[PDB]
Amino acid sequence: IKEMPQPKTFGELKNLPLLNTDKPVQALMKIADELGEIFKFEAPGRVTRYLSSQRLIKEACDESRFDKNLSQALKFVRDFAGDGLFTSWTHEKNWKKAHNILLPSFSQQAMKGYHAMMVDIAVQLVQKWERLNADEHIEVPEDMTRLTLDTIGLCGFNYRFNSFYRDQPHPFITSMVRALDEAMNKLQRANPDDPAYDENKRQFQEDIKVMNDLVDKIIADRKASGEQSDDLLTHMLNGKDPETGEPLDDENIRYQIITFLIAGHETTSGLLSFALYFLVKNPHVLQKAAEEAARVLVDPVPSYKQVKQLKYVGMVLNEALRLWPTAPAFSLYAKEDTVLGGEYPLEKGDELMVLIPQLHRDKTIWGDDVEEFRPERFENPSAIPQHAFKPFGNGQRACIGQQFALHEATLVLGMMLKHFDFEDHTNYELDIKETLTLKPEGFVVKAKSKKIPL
């Protein structure tokens, strides 16, 4: 039995002011580098423990011992994401119900159905870049966010956000981004009942209303038309849970669609942005990935089967997820009294945080070169130990979107590498912006067309 280290305290505020930063995950990573595989983190009326080693995380990922916790961030996002899949407890009836109904909608097999819609948005991205003038550059996270938001709108509910037709976001997106910023800003507030925050609260309720109003209208419009489009909204209006025999009600469907729109906007766009960053910083890797894209994507429109052959592009995406897992932390609670790692006794209900970027830098697993971008680490997936690599979380509460995100990201990165050469024309210095997710802020490149027709 060891005593856990704890970072610096602020009297009665304990560790809470360490999150008074726009980069809380990066702060926690630097604390992990100083303190090691486990540290205690305290706020008024809150204790959690941050885990960084595969040795401890492999136990935390034992579903017989630990279940998904809603962190303070997830409790605040639940105010507009409700009991959708991401912000539900495992024991809530609507978690297992929605999970059983939606799993077949998110399978590898289902990606054959979504492919044509993904190609539609991906071709819009390639056409935007083809149409740039010689003097112009690409705003990488901006364009990747235009893409991922449009892909989930179209595959989700046959709705065109038309992000490539706009400087300024759809009204839904303005409310969604402002609601997320408010949820994330609330974490570090030592005094949240302060009247300074009355404007925030009035605005928050207005953004929740806007989100509910468009999504409720889209569900109502689809029920009215009777149209049977092959999208997630159709699957949710028609689907029945084999266990309860019930369908999802319209309120839960609204929380699922809100959840899927946040995920598409926030997650896959980050992965693609980090992938392009690492490619332009590692020209040998860029060359190897571009040879594969040229050899495999022989048709003007990529096919589902062709995207599955992009093995090296998949390895690039996994190496980007290793260094900068886009959704970098998840929360667990002890189902019963238990001893973590033969050293740290926990009581039933005790919370753990998994610091995925730190897990991904465990030198006992990956070797001394952990900071280097080497997709070849992923050449043989069998060589990666259980629970060493967890960008999609864990067990039955793992990312339902994983096949969808990797299919979209592989298709789009394949087409980018086929159609363009890329220049890091500003020698961009990595600056990682944090919301729920990570993105490389201010990342810009120039693309030179290889002039291959669509």
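Think of the rigid core as the biggest set of C-alphas that the two forms share within 1.5 Å after superposition. Counting begins at 1, following the sequence as shown.
- Comparing 248-256 with 165-173 in 9 other deposited structures of this protein, after superposition on the rigid core, the stretch with the greater RMS C-alpha deviation is 165-173.
- Averaged as a root mean square over residues and superposed structures in 9 other deposited structures of this protein, CA distances to the shown form are larger in 184-192; the pair compared was 346-354 and 184-192 with a core fit.
- When the mean C-alpha temperature factors of 423-431 and 390-398 are read from the deposited coordinates, 423-431 comes out higher.
- Mean CA temperature factor is higher for 341-349 when stretches 87-95 and 341-349 are set side by side in the entry.
- As recorded in the entry, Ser175 carries the highest CA temperature factor of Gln306, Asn162, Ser175, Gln127.
- Within the group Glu139, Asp120, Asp241, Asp193, the record's highest C-alpha temperature factor is found at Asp193.
- Ranked within its chain, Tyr333 lands in the middle third, by CA B factor from the PDB record.
- Residue-level temperature factors show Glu34 in the highest third of its chain, judged at the C-alpha atom.
- Placement of the Cα temperature factor of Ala320 within the chain: lowest third of the modelled residues, per the deposited record.
- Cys61 sits in the middle third of its chain by CA B factor, as recorded in the PDB entry.
- For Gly156, the recorded CA B-factor ranks within the highest third of the chain. Only modelled residues enter the ranking.
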